[PDB]
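Okay, structure first, notes after.
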Amino acid sequence: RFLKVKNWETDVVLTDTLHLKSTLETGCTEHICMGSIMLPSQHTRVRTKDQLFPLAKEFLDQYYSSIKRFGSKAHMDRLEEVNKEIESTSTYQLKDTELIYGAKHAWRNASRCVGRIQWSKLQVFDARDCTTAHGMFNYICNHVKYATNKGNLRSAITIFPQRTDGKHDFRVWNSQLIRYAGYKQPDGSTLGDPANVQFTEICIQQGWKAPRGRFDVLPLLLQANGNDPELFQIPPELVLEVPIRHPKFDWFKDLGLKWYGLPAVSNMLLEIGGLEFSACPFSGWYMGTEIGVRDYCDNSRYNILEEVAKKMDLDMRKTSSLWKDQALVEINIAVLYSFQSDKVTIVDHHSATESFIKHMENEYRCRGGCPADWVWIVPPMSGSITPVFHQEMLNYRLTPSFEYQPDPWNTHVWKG
Amino acid sequence: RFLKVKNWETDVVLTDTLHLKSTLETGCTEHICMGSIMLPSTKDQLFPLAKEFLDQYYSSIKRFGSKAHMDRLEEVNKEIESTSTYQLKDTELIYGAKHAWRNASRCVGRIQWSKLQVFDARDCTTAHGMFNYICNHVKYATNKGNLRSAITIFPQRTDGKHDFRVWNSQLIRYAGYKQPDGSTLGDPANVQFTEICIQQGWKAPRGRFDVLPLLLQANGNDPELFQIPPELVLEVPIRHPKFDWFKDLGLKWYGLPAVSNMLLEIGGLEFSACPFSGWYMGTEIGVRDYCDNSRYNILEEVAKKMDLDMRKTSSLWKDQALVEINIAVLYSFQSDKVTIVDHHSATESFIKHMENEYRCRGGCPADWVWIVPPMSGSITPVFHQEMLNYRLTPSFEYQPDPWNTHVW
Ligand code: HEM
Ligand code: HEM
Ligand SMILES: Cc1cc(N)nc(CCc2cc(CC[C@@H]3CCCN3C)cc(F)c2F)c1
Ligand SMILES: Cc1cc(N)nc(CCc2cc(CC[C@@H]3CCCN3C)cc(F)c2F)c1
Ligand SMILES: C[C@H](O)[C@H](O)[C@H]1CNc2nc(N)[nH]c(=O)c2N1
Ligand SMILES: C[C@H](O)[C@H](O)[C@H]1CNc2nc(N)[nH]c(=O)c2N1
Ligand SMILES: [Zn+2]
């Protein structure tokens, strides 16, 4: 069965056959679309030898196809080797080549990621020999240095040991490797990043001396082999930050804003051939709107629209003045200007969405499809003047994949 | 099976049971979501449809299982066995139309759903008659700029050979002509229709904002051209409250958004001609009509007049111009006292409407892809609102364009 998507701006129609290789479920049915649910049951992640070899076999079939060795003696022997290692040891180990392939294809298959044109240029750091939280700190430091590269950002992922019985998990408790603390005040107001208040409290309880400023980089909280997590401060010279100024508004610097340069997601689960890598930090570079729209202007985040509009002296009485929309653009101009001025890699939403359209068309041509989540691909400002708004998209889940997992502090069994 | 939807900006969680009543299909499966696809796809079938509708109608008036209910169910059952169709009582027709709007999961304006004015045009027989009903609709809905929601319902389909159709997509739309030199004058979305108008007899001004004539088809006959009287077409010249050069652009839009090419389904009956109208949300004109590349596409021209740095996309000059254009639209309509709602006000209304529907109905089908405005998405409350999309009936459905179908 073939399926067609149409771009209603260009009338370009593409044909998807790749959705036929889809295994996992969407969450939708014939009678309800769950397309806007943030965490469906299926996108989140306890696994026995029963279902593991079919998952291994499918991944290895995919791997050896991609290297033009399907049905080779190398292919058949590896299947035999994995089979015996599973029945003997109940799991198996990926080769280095398989791990790299798997991690790149997990990114390639991330239907909510607009930055996937870059998927083949991913630096994979094998941290599967790591055993302790200190060892994890060292691997993460090296990732942060390599990926930052003095502002010339490089995509990277660091992969810690896979889950075994679910009782010895490696976890990075931070949602992102670099994030600002958030503090709830007795008067109800929040200082810093409201998104991080719960995590900041865990860190403080674990013994972190909080500076209690508005832009305090949080410490790393690292769990190795299912032991209690441990606190580590990222070396400040490794944390690249950009002061935010506006190219025309000199008062903008006086808002005291900055942001870190490296977006590095650290709380997701990487699934490859039925193996679960529960600690797999990955990083790229920012699209401007992630900082300027969501981080600064979400009502539940830094929420600076009011103060920015106040200093612009906009008509703030009625919303029909679009003072909210006016300030949002300026703030997003400032983020982009500050990053480019400091020669820190960033991409605006116009460039990033045009690239993704080209990526997607290329993927239909060479791969038969490109799974894409329109709800997430369309940027959070100026939607319809980007070409993805007009792009029909098919969403389905391929493996290897990145999945959500529950926050560790809700599942962890504390040792003491 | 009793589903939850979270708003992530407020942590409010609503429980949806209404979707269990869903009847039609969504186009998705467990293996693939088609949430962003624009248009996914006898006597026996008719009575169950009628029963389901009459069941919900007599429930809404708290007469479920009453004498009158069973009597009406009996009477419609008899009419279908006899005539192979049936006719709605006026009260049922009004209910059905209001609920088709209530059920339109892509519409952000549905908080107003119960205040719809329904014009029963089922006694209509000719295109001249259709024209009369439509002029009355336009005048009533326009109301000197104090816009009022309205629908006019022409006779239901019978055998598919006697269809009533309005060929225009909207009662009021600007013409579009291809220029010999390559580009497009007027509205590019309306180039083929502007063709069929001329190509059926229209005398075009070949201007930029020429109101298209109505192309009315009654009882499946050939469609006929009618000019809407200009004094009924309320238009707003577009100026900016800060940029005096803005007026020089020569932009205007019409005040009445009036969809005329959809199909209204009630209790299994199909109303192929059912023009309906409300009032604009500001982004419909300014973001889509003016700035879509496939439309009037004035962005580059406006940015030049603002003297913005158009060398690189990262100066966000398109975003800056886009905001100003939409400030102007709202300013112009408000100054002329023509009803319009900005996208902040309308989405806040829709959140309140969802809360109302979940509380008094058990849910509210909603299509996030269409509810979220085409600018400033994440600073409106609907962006952070999970939504369950499902198809309830009565409903508005899309239908094939008539010129592809009409046995001429
Ligand atoms: C290199 C430049 C990259 C850019 C510009 C980019 C951009 C984005 C953006 C804007 C989102 C939307 C999420 C949000 O708004 O919070 C996203 C999602 C995502 N990105 Fe990328 N990204 C990049 C690199 C990467 C890399 C290196 C990986 C993994 C190896 C990755 C994996 C993902 C995944 C898994 C999601 C989905 C998150 C979810 O399902 O909730 N991205 N990306
Ligand atoms: C009164 C103020 C109203 C407002 C502000 C409003 C707003 C909107 C908007 C912004 C859309 C998105 C579609 C697009 O972007 O082109 C839409 C769709 C729609 N509206 Fe409403 N509307 C209003 C009244 C009505 C009325 C009176 C009806 C019918 C009785 C209606 C039925 C619909 C339907 C059926 C759709 C979606 C068509 C589809 O499925 O593609 N609307 N509306
Ligand atoms: C590598 C990279 C590059 C880039 N440019 N941006 C990112 C961040 C994108 C991103 C976000 C989230 C969580 C968003 C959270 C959860 C729900 C809503 N929000 C609160 C999870 C991810 F896996 C992810 F990749 C990553
Ligand atoms: C009553 C009313 C009030 C208001 N404020 N706006 C409207 C117009 C919105 C609208 C659009 C469309 C088609 C959109 C077309 C077809 C494909 C994509 N697009 C180009 C169908 C509708 F039923 C509709 F209601 C109507
Ligand atoms: C491809 C995509 O479905 C298409 O561009 C849709 C997206 N969302 C929309 N939303 C609204 N309100 N109106 C539209 O015409 C569209 N078009
Ligand atoms: C409810 C809704 O799905 C939620 O707000 C989503 C919508 N789209 C998004 N898109 C991106 N890129 N990031 C997000 O956090 C979200 N949030
Ligand atoms: Zn779906």
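Both counts, for ligands and for their atoms, begin at 1 and track the order of listing. Numbers restart at 1 for each chain; the letters A, B, ... are given by sequence-line order, proteins then strands.
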Establish whether atom 22 (N) of ligand 2 and some protein heavy atom are separated by less than 4.0 angstrom. yes
Under 3.5 Å, is there a donor-acceptor pair linking the side chains of [X] and [Y]?
X         : Y         : value
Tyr95(B)  : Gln56(B)  : yes
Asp16(B)  : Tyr390(B) : yes
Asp325(A) : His344(B) : yes

Is [Y] paired with [X] through a side-chain N to carboxylate O contact shorter than 4.0 Å?
X         : Y         : result
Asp163(B) : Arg165(B) : no
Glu386(B) : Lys6(B)   : no
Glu397(B) : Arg391(B) : yes
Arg110(B) : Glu357(B) : no
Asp90(B)  : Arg122(B) : yes

Scan residues 255-266 of chain B for pairs that pass side chain to side chain donor-acceptor pair (under 3.5 Å), counting only residues two or more places apart or in two chains.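 Found none.
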Ligand 4 atoms in contact with [X] (distance to a heavy atom under 4.0 Å):
X         : result
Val259(B) : 8 (C), 10 (C), 22 (C), 23 (F), 24 (C), 25 (F), 26 (C)
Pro257(B) : 1 (C), 2 (C), 3 (C), 4 (C), 5 (N), 6 (N)
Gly278(B) : 1 (C)
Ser277(B) : 1 (C)
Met38(B)  : 17 (C), 18 (C)

Passes ring-ring contact (aromatic ring centres under 6.0 Å, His included), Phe119(B) versus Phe276(B)? Steps please. CA-CA 10 Å; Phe119(B) 294 118; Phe276(B) 56 90; over 10 Å; no
Pick whichever of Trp279(B), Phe276(B), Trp370(B), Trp113(B) has a heavy atom sitting closest to atom 2 (C) of ligand 2. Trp279(B)
Just to be sure I'm reading this right: ignoring hydrogens, which of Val259(B), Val287(B), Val108(B) gets closest to atom 8 (C) of ligand 2? Compare them by their nearest heavy atoms. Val108(B)
Parallel, tilted or perpendicular for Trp403(B) and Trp167(B), by the 30°/60° rule? tilted
Atom 24 (C) of ligand 2 - nearest protein heavy atom and its distance: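 Protein heavy atom with the smallest distance to atom 24 (C) of ligand 2: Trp101(B) CZ2, 3.5 Å.
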Name the closest protein heavy atom to atom 43 (N) of ligand 2, giving the residue it belongs to and the distance to 0.1 Å.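 Scanning the protein heavy atoms, the shortest distance from atom 43 (N) of ligand 2 goes to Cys107(B) SG, 3.6 Å.
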Could you list the atoms of ligand 2 found under 4.0 angstrom from a heavy atom of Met281(B)?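 Those qualifying, in numeric order: 10 (C).
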At under 4.0 Å between heavy atoms, is it the side chain or the backbone of [X] that contacts ligand 2, or both, or neither?
X         : answer
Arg106(B) : both
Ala100(B) : neither
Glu284(B) : side chain

Please confirm whether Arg148(B) makes a cation-pi placement over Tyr140(B), using NZ or CZ under 6.0 Å from the six-membered ring centre and within 45° of the ring normal.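 Yes, a cation-pi geometry.
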Polar protein atoms (N, O or S) that approach the Zn ion (ligand 7) to under 2.8 Å: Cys28(A) SG, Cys33(A) SG, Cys28(B) SG, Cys33(B) SG
Could you tell me whether ligand 2 has any atom less than 4.0 Å away from a heavy atom of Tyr398(B)? yes
